[PDB]
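>>> Provided hereafter are the protein sequence and its experimental coordinates.
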Amino acid sequence: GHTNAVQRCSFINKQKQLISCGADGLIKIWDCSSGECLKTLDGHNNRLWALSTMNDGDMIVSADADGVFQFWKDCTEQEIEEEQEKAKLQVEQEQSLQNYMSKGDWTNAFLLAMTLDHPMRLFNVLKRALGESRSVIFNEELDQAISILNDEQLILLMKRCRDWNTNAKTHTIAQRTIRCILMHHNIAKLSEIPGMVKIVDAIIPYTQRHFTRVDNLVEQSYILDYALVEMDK
Amino acid sequence: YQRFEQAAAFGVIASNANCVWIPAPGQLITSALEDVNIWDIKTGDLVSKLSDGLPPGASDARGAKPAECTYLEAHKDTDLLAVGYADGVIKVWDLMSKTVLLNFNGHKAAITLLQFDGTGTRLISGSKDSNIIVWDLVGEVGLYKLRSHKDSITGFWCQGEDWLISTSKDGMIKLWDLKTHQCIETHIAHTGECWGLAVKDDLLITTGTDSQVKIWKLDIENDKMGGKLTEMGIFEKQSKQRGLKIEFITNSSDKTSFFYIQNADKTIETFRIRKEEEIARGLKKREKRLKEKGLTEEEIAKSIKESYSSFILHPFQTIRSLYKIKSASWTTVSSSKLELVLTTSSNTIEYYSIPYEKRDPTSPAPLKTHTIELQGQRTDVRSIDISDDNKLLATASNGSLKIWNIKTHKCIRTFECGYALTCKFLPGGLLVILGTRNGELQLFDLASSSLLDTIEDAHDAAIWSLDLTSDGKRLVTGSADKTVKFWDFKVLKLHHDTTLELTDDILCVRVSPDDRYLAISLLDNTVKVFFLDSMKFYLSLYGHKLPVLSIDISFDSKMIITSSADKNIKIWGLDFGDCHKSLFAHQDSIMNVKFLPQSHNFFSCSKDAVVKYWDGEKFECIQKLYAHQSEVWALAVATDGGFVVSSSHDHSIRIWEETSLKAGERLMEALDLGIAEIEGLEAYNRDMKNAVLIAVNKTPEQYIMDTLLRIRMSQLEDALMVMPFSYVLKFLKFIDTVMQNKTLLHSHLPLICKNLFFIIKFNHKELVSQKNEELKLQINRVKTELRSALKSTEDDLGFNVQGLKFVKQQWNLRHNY
Amino acid sequence: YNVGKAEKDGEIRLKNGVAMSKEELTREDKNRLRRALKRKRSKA
C-alpha cells in the first residue's frame, strides 16, 4: 500500500500491529494478523529516515529529512470514551423526547426536537401545541423558547417552515411559526444571517397565493348574508 | 405402498434449552428436541416424557421439521409448565395430566425467555423477534405487546405488576410501565450485545460480550424524569467470554446472597454479596491501606469509587466442566453447602455441590455428586447397525460405543473406543467390529462386555468403510491408505488375507448379498465393481460430480445405488453398469442409502435432516420424513424390513416402523347517528335546567367530521347533491355545533367552507323559503364565527407577508449594489 | 422554489413537503416506505 519505499518498520502493541515509514512521508499502521492498513498519519512533507517508539508504540517519534519531528501519542481510549458519551447523551435526548410528547410538555419537547432534528415531532409539537393555543402567540413558555434560538437554529426552522407552507394543509402552521419569530426577534439581526434571505425569498410566493385563496373564501361566504337578507323578507 | 411412522425416539437427555429444577436432589426437567424430558437426579432414570402428538410420518403430520423446544418455565405452586418453541409457539402443559392446556401463537421467531408472574395468572414471554407479550392464562389472550426493542430479548425482570425491566441483544436497558404500555427509560448496557440481566432489590447486574460486568442501582420511586437506573461501577470477570445467564439466590437463615455468571465457555463463576457491615469494615480497612501508602484523601475517595464493585461482590468459586455448558440453575441454598445443576452442549446433566463456611468455600473445587450419563452419547453417532435378530441396535460415536434394546430403548452396554467411523454386527448378534479414524480395528463381545482384540496397524489411515460377507467369515475394510484389506475369522482373532491397493482414497465398500460383487467408492467420483471370488475388475461407474458416500446393492444383486455429495442418487443396472435414472433426491449431501430387504425400494438420508422413502422401480419419492433437527449421519434397515432406524447430529435415535355504502349514503348514516346524540344531550341538558361512538371512542362531532374526510374530493359534490333537503338541516345543525369546538374549526376550516357553502348553493331556493326562527339564529351564528375564524387566518398570513417584505427590503439596502 | 429530496442523508423528504427522519421511524413504516420506493423506481 506504500506508494514509495518502506524504510522503517517497528512492531507496536506487542504482536497486534505494525507501524511502517515510507519515503512518501506517510506513516501507515497495519494489523499484523490481518495485514491491513488500519490508519494513516501524514505529518511530514518529505522523506523519513528514523522512527522511535516508547511503551509498545504508545508514543511514536518520526524525524523528517527536512528536520521536523512528529510526536504521536496514543489516544484511542480517549476517542472511544468520547464516542461512548455522545451516543449516551443522544439516547437520553431521544428518551426524554417521546416522554414529553406523551405528557404534552411541548415547550420542552420543542427544544429537544431542535437538537435531534426530528421533523415529524417538530410538526407534531407545533401542530398540537397550536391546538392547545386555540383552546401571547402560542403560550408564554414556548413563545419564550422560540426567542432564545441561536442563528443556526433559526435557519433550521425557516427551512422547515418554507417546506410546510408549500402544502396547503400545513401552511397554517407555517405562517403561524413565522409570525412568532418576527414577534420575538430583532428583525434587523435576522437580515444579516447568511442564507436566510433565500429561504425568506421562497416564502412569499406561497403566502401570497394563500392570500388569493382564503380571501376568496370570504367572498363566497356572504352567500349566508344573501340567504340571510332574502329569508328576512 | 405402506406408510412409515416414527415408532419411538430416544438418545437425547438435554437439548438446546434451559433446565428447570423441581423439588421432590429433586427432579429435573430438560428439553428433548420437540419433546420435554423429566429426570430423577438420584436415580438418573427418565420419569416421564411430554409429547404433543402428531407423530412424524403420518398423513396428518406436517411436511416440515418439528419445532424444537427453546425455553422451559414452570410455576411450582400451580405445577403449570410453559414450553417455548423455535416457531414462537407457547404451550401450557399440565404436569399431573401431562397434557397441553393452552396454545399461544403471538411471536414470529424463537422464544428466548418465559416467566410466570408471582400470582401465576399471567405469563410474560420474550422472543427472538424483539417483542415482549404478556399473556393472561385465565383469559387465554395476549394482553399487550411491548415493541420498542430492536433485537432479540436476552433477559428481562418483572417481579412487580407496575414495572418491567427488559434486556435485548441490541444492548439497551429499558424500563417499562405495565399500566401505560410504554418505555420510560432507555440506557446502553454495553458497547455491543447485552446478554445477562439479574436484579436483587436495588442491586442490578448486567453482562456484555466482554468480561466487563456492570452494576446498577434501581430506584423505582425516584421519579425525577430519569435516574431510575444509575450505574455504580464495572467489575471484570475472569472469563473473557460472554455471560449468558445471571440469577440470584438468598439464604433464609443467614440472609446471605449469592449469584453466578454462566459463561459461553465451560466455566460458571459464582459470586457472593458482602453484608453491609463487611463493606464498612472493608472500606475502613482499605482506607488504612491507602493512607499507609500515602495517597491523598481526594485520591482515596476516587479510588474507593473506582473500587466500588469490589466491596459489594466477592469472587466465591469457579466451576469447571469437561464440556461446554448449556444452562444452569440453583437447586438448594443452605449454610452448610451450595448446590448447582447444569446441562452441557454434549447432552448430559451434571449436579454440583459446594460445601462452604463463612467467606470462602471449604473445598478448592466443586463436588460432582450426580451425573445422568447412561442414556445418551456425547459425540454424534457416525455409524449404526442392527443385529440379525432385530433386537439389538449398535451405535458407534467418537470416544464410545453404546448398544440399545429396540423394545425398551435402554442402553445395555457401553464400550470406550477411539474416533468411531464404521460399526457392524457379526452373525449371531454377539460380537461387534469397529473401524476407527486412527487405522485401528476393534472387536467386542456383548457377553464379555469387553474388547477381545485390537489391530493397531490394520490400516495406516482412517478405516473409512467396513463390510462383511454373507457367510460372515470374510471381512472387507476400506481406508485412506488407498487399500482394501481382506480378513478371516479364525478361533476369535483376525488375520489379514490380501491387500487391494487403489489409486485413490476409499469412501465406501459394499459386498453384494450373493457375495459375487464388491463395490468400492473413490474420491475421484468413480465407483469400481469387482468379482469377490477372483478379484477381477468388472465395471467402472462414472457420472457422479462429487465423491460417492454410500453404495447399496439390491437383494437380487441386479440393481446398485450410489449416493454422492452432489445431492444426486443414481440407480445402475449391474448387468452392464447402466444408470437407469439419476435422482436429485435431497438439497444437500446424501450420506446413506439402503435397500429394503426383498424389495427394490430404498431409503435415503442427507444433511438436510430429511429421510425420504423411494420406489426402486417407479423411481418416485413415496414418503418424506421430517423429524430430524440436524444432519443425518447414519441409516440402517432391519433384516425383516419392518422398521428403519436413523440417527442425526441432534443425538436423537428414532425408529421408523412400518404400520357497500357509498359517499353520501354513508354520510346520511353519520349525520343521523351524531346529531341524534347531539339532540339527546341538548334535550337532556334542557330538562335538567351510542355503542358505535363509544366503540370508536370519538365524539359525535369528530365521528361525522372523520366520515367527511374519508370521502374523496371528486366524490364530495355528487354525494352532497344526493342529500335531501331534510339532511341539509341536520348538516347545518352539525356545522353549528362544530363552531363551538374552535379547535376542530381551525383544523378543517377549508373543508367546512367548501361543503357548507355548496350546500347553500345547491338548494338555496328551499333554504330561503322556510320561516323557521331556530334556523334563522343558526345561520346568523355560523356566519359570524366563520368570518372571525377565517379572518384570523388572513390577519396572521396577511401579517407575515408585509414585515418579511420589509426584511427583504432592509437586506437590499445593506447588501445590494 | 419546489420541495425536493432531503438534504440530509438521514432523512426522507417527500414532494408533499414532509421530512421523514429515519431514527424516529417505526420498523413497519420503514418497510412500506422502502416498498413505496421500489414501486416508484420500478415504473421509472
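Perfect, I can see it now. Numbering: from 1, shown residues only, chains lettered A, B, ... in the order given.

>>> quick one: strands adjacent to the strand or helix carrying residue B:622?
In the assignment (DSSP states H and E), residue B:622 maps to strand B:621-625. Strand pairing for strand B:621-625, using DSSP bridges, gives strand B:611-614 (antiparallel).

>>> now do the contacts for the residue sitting nearest the centre point of chain C.
For chain C, the residue lying nearest the average C-alpha position, counting by CA atoms, centre = their mean, turns out to be residue C:12 (3.8 Å). Taking CB atoms under 8 Å, 6 or more residues apart in numbering or on different chains, we find residue C:12 in contact with C:6, C:19, C:20, C:21, C:22, C:33. Any C-beta I mention is one placed from the backbone N, CA and C, and that applies to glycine too.

>>> residue contacts, the residue nearest the centre of chain B?
Geometric centre of chain B, nearest residue: residue B:110, 3.2 Å, by CA atoms, centre = their mean. Residue B:110 is in contact with B:70, B:84, B:85, B:86, B:87, B:88, B:127, B:128, counting by CB under 8 Å, 6+ apart.

>>> what of residue B:211?
B:236, B:237, B:238, B:239, B:240, B:241.

>>> now, those that are in helices?
Of the contacts of residue B:211, none are assigned to helices by DSSP state H.

>>> adding neighbour count and distance to residue A:11, write the residues you listed out as a markdown table.
Listed next are those as a markdown table, based on neighbours: other CB atoms under 10 Å in any protein chain shown; distance: CB to CB, whole Å:
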| residue | neighbour count | distance to residue A:11 |
| --- | --- | --- |
| B:236 | 11 | 27 |
| B:237 | 20 | 30 |
| B:238 | 11 | 28 |
| B:239 | 18 | 29 |
| B:240 | 12 | 23 |
| B:241 | 14 | 28 |
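
>>> just give me the closest of these to chain C.
residue B:241 (30.9 Å; CB to the nearest CB).

>>> quick one: that closest one and residue B:261, what's the gap?
According to CB to CB, to the nearest Å, residue B:241 and residue B:261 sit 10 Å apart.

>>> mind putting the contacts of residue B:110 into CSV with distance to residue A:227 and neighbour count?
Output for those, formatted as CSV (distance: CB to CB, whole Å; neighbours: other CB atoms under 10 Å in any protein chain shown):
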residue, distance to residue A:227, neighbour count
B:70, 72, 25
B:84, 69, 28
B:85, 70, 22
B:86, 71, 20
B:87, 67, 16
B:88, 63, 22
B:127, 63, 25
B:128, 66, 21
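
>>> spit out the contact partners of the residue in chain C that chain B sits nearest to.
Going by CB to the nearest CB, chain B is nearest to residue C:27 of chain C, at 7.6 Å. Contacts for residue C:27 (CB under 8 Å, 6+ apart) come out as residue B:150.

>>> dihedrals phi and psi, it?
phi -60, psi -40 (degrees, to the nearest 10).

>>> make a markdown table from the contacts of residue B:110 and add secondary structure and distance to chain A to it.
Listed next are those as a markdown table, based on DSSP: H, G, I helix; E, B strand; the rest coil; distance: CB to the nearest CB, whole Å:
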| residue | secondary structure | distance to chain A |
| --- | --- | --- |
| B:70 | strand | 30 |
| B:84 | strand | 30 |
| B:85 | strand | 34 |
| B:86 | coil | 32 |
| B:87 | coil | 33 |
| B:88 | coil | 28 |
| B:127 | strand | 24 |
| B:128 | coil | 23 |
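
>>> where exactly do the strands run in the chain?
Using chain A. If you assign secondary structure with DSSP state E, the strands in chain A sit at A:6-12, A:17-22, A:27-31, A:36-41, A:48-54, A:59-64, A:69-73.

>>> chain C is the one I meant
Counting by DSSP E, the strands of chain C are C:11-13, C:19-21.

>>> figure out the helix or strand that the one residue in the stretch 1-150 of chain B that gets nearest to chain C lives in.
When you check the stretch 1-150 of chain B against chain C by CB to the nearest CB, the closest residue turns out to be residue B:150, at 7.6 Å. According to DSSP H and E, residue B:150 maps onto no helix or strand at all.

>>> need the contact list for it.
Residue B:150 is in contact with B:130, B:168, B:170, C:27, counting by CB under 8 Å, 6+ apart.

>>> let me see the contact set for residue 13.
Let's take chain A. A:56, A:57.

>>> chain C is the one I meant
Contact analysis of residue C:13 by CB under 8 Å, 6+ apart lists A:163, C:3, C:4, C:5, C:6, C:7, C:19, C:20.

>>> thanks a lot, catch you later.
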